[PDB]
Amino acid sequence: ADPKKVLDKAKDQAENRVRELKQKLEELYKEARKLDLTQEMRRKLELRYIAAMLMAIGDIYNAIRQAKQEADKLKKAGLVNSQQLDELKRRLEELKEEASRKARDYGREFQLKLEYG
């Protein structure tokens, strides 16, 4: 119904997505800290880490894509002008860049903890 509602619904989804990855990586760390983890078990955790990072990137991409499509529909319905359309998409991009940084750093933190416990 307006640019702030589009941007707000996307921010919550990108935060939800980011939170889901944080939680997955926390589960993985707990498994990694179990005693008598064998080499196959370790490798399975490494593969789950990759899949989590990929699913987060894909899910962020989806949330933002959807928001941009919903922004287009506002412009097509005559409910925002050119300024407001571009300003909205700029904001959606910043949101994508911020989410992407947090996901990157969750992965970095996991890797460092996997190396040394």
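All residue numbers refer to positions in the sequence shown, first residue = 1.
Set 102-110 against 7-15 and average the Cα temperature factors; 7-15 ends up higher.
Comparing 75-83 with 60-68, the higher mean C-alpha B-factor in the PDB entry belongs to 75-83.
Residues shown: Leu88, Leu47, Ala32, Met53. Highest C-alpha temperature factor in the entry: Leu88. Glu40 sits in the middle third of its chain by CA B factor, as recorded in the PDB entry.
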